[PDB]
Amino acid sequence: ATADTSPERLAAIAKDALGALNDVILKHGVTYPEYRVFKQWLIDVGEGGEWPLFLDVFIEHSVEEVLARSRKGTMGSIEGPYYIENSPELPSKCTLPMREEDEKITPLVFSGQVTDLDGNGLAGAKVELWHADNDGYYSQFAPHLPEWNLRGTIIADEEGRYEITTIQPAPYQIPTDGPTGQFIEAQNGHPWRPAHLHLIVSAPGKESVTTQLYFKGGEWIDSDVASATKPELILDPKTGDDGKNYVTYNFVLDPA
């Protein structure tokens, strides 16, 4: 990864970031035993491979918030740590790859349209969808799962429409025993994110959008540990007589 940040921009960011942290130590009278625990815990974060988790939980929301200012289309949200590029392509009307341990979960039928700022529908539009199973696991991050379980890139039709059947994911829990979970536990927090779909939506000559969608009534929408929920992103699915849940959600893309 590379960034085009100047020495002077970096200096300025570093000065107030370190200044700020040093200010917090002063305000709170952080002790030497505390400093020692902090040092060991930073070591533990790295040793446990949790920098992607910790940052995406506690920092990414502010980086999306910056990006949001430059965008007129659908609300973005954090990518989080579980995205995988090049998920297998599926047609506009499709069902995500899934196991038999998944086919017993009430189906979720997700429909809608990808458009521009003026509402023109968009051909060649792709919807990359990934989410957790009813167990709260992601494929490629749980060795029991078929590697593209609940992952796909949907090819939207000429009008920019799709109909994807999947399942509702379970809420996600941050493993309690790792450094991040221990950080949360030690301050009496909840290591939970509400149930959510991840989507990256793209189209020719359009700026892609990374977002998440949530479920009205879901537990933890009011207390997402990653501060990544937005009211605009909450789905209210209706139940059909097949007993499946139906929801329509449209994507609006900024020009590239």
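Heads up: residue numbers just count along the shown sequence, starting at 1. Under this definition, the rigid core comprises the largest set of C-alpha atoms superposing within 1.5 Å between the forms.
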Note: with structures superposed on the core, the stretch whose C-alphas sit farther off in 7 other deposited structures of this protein, 159-167 or 172-180, is 172-180
As the entry reports it, the stretch among 134-142 and 156-164 with higher mean C-alpha B factor is 156-164
Of 39-47 and 26-34, the stretch with the higher mean C-alpha B-factor in the deposited entry is 26-34
The largest CA temperature factor among 175, 76, 81, 179 is found at 175
From the entry's CA B-factor values, the highest among 170, 108, 150, 94 is 94
Residue 211: C-alpha B-factor third of its chain, per the entry, is the lowest
Among the modelled residues of its chain, the C-alpha B-factor of residue 231 falls in the third labelled middle
In terms of its chain's C-alpha B-factors, the third that includes residue 187 is the middle
Among the modelled residues of its chain, the C-alpha B-factor of residue 223 falls in the third labelled highest
Chain thirds by Cα B factor, record data; residue 202 belongs to the middle
